[PDB]
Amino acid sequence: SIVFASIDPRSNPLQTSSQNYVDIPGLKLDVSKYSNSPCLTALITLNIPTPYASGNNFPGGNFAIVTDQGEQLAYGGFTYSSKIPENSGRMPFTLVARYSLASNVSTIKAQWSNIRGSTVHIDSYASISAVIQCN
């Protein structure tokens, strides 16, 4: 089966300047109905196709897929090559994780953080999804 959530914050853009991972609002999958099932596995894809980061010390952004119990299943990020980009461009990002559904996990969700004091921004479509299958 497929589980899916998307956001499109074009009229209310999101941002963070957090050095620690924090939730991206709306990018959460409710997997409660599949919880406590050792024979099920989720393949999760976080797709943030048009992010950017502003700043003056090689700005960038990090992203993670995490459970409601705070377990980090995957992480990665983008950065610019110049210390002070002329105009911080859009740097597509995708991340793929796997999770067994044996535990009482309720939610699988996206998080983000900054780098070198940047501000990360999302102002357009992004999604989190999973394919759930038997082992």
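Throughout, we count residues from 1 along the sequence that is shown.
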- Note on the structure: With B-factors read from the PDB entry, the higher C-alpha mean of 91-99 and 51-59 is in 51-59
- Mean temperature factor over C-alpha atoms, higher-scoring stretch between 66-74 and 42-50: 66-74
- So among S127, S124, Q111, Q19, who wins on Cα B-factor in the entry? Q19
- Query: For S6, does the deposited CA B-factor place it in the lowest, middle or highest third of the chain?
  - Reply: lowest
- Item | Within-chain third of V131 by Cα B-factor, per the entry | lowest
- Note on the structure: Among the modelled residues of its chain, the C-alpha B-factor of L29 falls in the third labelled middle
